[PDB]
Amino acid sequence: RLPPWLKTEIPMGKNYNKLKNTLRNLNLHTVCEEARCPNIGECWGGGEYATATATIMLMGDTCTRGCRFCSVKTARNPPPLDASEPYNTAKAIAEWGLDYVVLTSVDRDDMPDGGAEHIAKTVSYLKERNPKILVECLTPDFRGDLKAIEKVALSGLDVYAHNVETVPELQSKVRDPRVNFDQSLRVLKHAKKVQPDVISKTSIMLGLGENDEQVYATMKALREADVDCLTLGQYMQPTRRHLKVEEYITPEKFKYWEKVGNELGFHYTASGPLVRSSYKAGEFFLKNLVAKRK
């Protein structure tokens, strides 16, 4: 029986309903719906600024790697690249009227640049169509290919996100051995080197056995790498094959880590059991970076 802080009420807001109705006549899938995310009523217009945030996966909604913690659907092979997806997806997002979109993609080992040009093309169409829409790219590490990272970071996005997922001592238990903490930090550093204007962001999951000393040291290492924004949320086991949850971190302990993030100087620290990288991302951006007056 899950603790009650991992549950939400059914989404019922006026803004949620309007976004939901409009989406149904568009040709566009969201992670929000596909993953049955409990946060949809809050992200789709439910917050203080009434912003609409959603997450859209580019280059297919499955991954072949089968990582031990990951909730993305597994498939034995990658799907084909749709050359019309950058144009069509940018068009649909702009018509839908999101305020903040997280464009995300899985590890595409089949492509030399990991999909970086395809991602950058999508950002470029979207920013040409509606420069008011904020754009975050949440990407894999591109095997540390600095040119692929540069392609995404120069694309015109607002936020470059790349997740470290756990503390260094748990990387081999949790993440695939093709990735690691140092390489992920080098991604974030390189994005800021080539585009110093971009906001850098990472996310970590708690509940995988990390201790407080390890979490704090990780947060300090991220500040040293000039990471602007951080999210911390609960690891939820997708199926019985995936890693067991070591513990459900309490609501107040997540609030402690928010305080720690504030003190270490992150521009925002989104922290809570249901947090993930995209959770209310447009609201965190407007409140904490833009400082928008209501």
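Numbers for residues come from their place in the sequence shown, where the first is 1.
Across the two stretches, 203 to 211 and 108 to 116, the PDB entry reports the greater mean Cα temperature factor for 108 to 116. Look at the mean CA B-factor for 273 to 281 and for 14 to 22 in the entry; the higher one is 14 to 22. Which of 128, 82, 141, 99 has the largest Cα B-factor in the deposited entry comes down to 82.
Across 132, 189, 175, 147, the greatest Cα temperature factor reported in the deposited entry is at 147. Sort the chain's modelled residues by C-alpha temperature factor and residue 29 lands in the highest third, per the entry. When all modelled residues of the chain are sorted by CA temperature factor, residue 216 is found within the middle third. Sort the chain's modelled residues by C-alpha temperature factor and residue 77 lands in the highest third, per the entry. When all modelled residues of the chain are sorted by CA temperature factor, residue 156 is found within the lowest third. For residue 185, the recorded CA temperature factor ranks within the middle third of the chain's modelled residues.
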